[PDB]
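Asks:
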Amino acid sequence: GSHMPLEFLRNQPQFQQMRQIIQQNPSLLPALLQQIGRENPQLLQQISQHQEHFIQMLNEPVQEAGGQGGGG
């Protein structure tokens with residue numbers, strides 16, 4: 001979508017968890033892109049086509065106080 005690239009990630013059981021790892025070891029961002037390449041190389045090449053926007057969805061916290069219903 002025009003305000004959400006890679007939208008198929010947004011709720012996934014791995015996307016709930018792999019970002020928590022990178023938020024403690026950003027040195028393993030390469031090692032997570034490589035890990036996606038061992039099980040979904042089709043997702044990997046799609047993330048690679050959007051990498052600057054993937055980092056925005058990747059670097060945020062997996063939960064936030066806005067999850068109660070909205071931003072205000």
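For the sequence shown, position 57 (counting from the first letter as 1) is numbered 57 according to PDB author numbering, and the numbering increases by one without interruption.
Idealized CB from N, CA, C, for every residue including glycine.
Using a Cβ-Cβ cutoff of less than 7 Å, which residues in the same chain neighbour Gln16 once the five nearest sequence positions on both sides are dropped?
Replies: Within the sequence shown, residue 16 is the residue found at index 16, counting from 1. Answer for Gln16: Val62, listed in chain order.
Asks: Take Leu44 as the anchor and find which of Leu9, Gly69 and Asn59 has the nearest alpha-carbon.
Replies: Locating residue 44 in the sequence shown gives position 44, where the first residue counts as 1. Measuring from the Cα of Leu44, the nearest candidate turns out to be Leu9.
Asks: Tell me whether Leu33 sits in a helix, a strand or coil according to DSSP, three-state version.
Replies: Counting from 1 along the sequence shown, the entry for residue 33 is found at position 33. Note: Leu33 maps to helix in three-state DSSP.
Asks: Which two residues bound the contiguous alpha helix (DSSP H) that contains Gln12?
Replies: Translated into positions along the sequence shown, residue 12 becomes position 12. Segment: none, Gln12 is in no alpha helix (DSSP H) and carries neither H nor E.
Asks: Between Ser2 and chain B, is any beta-carbon pair separated by less than 8 Å?
Replies: Protein chain content of the structure displayed is limited to a single chain, and chain B is not contained in it.
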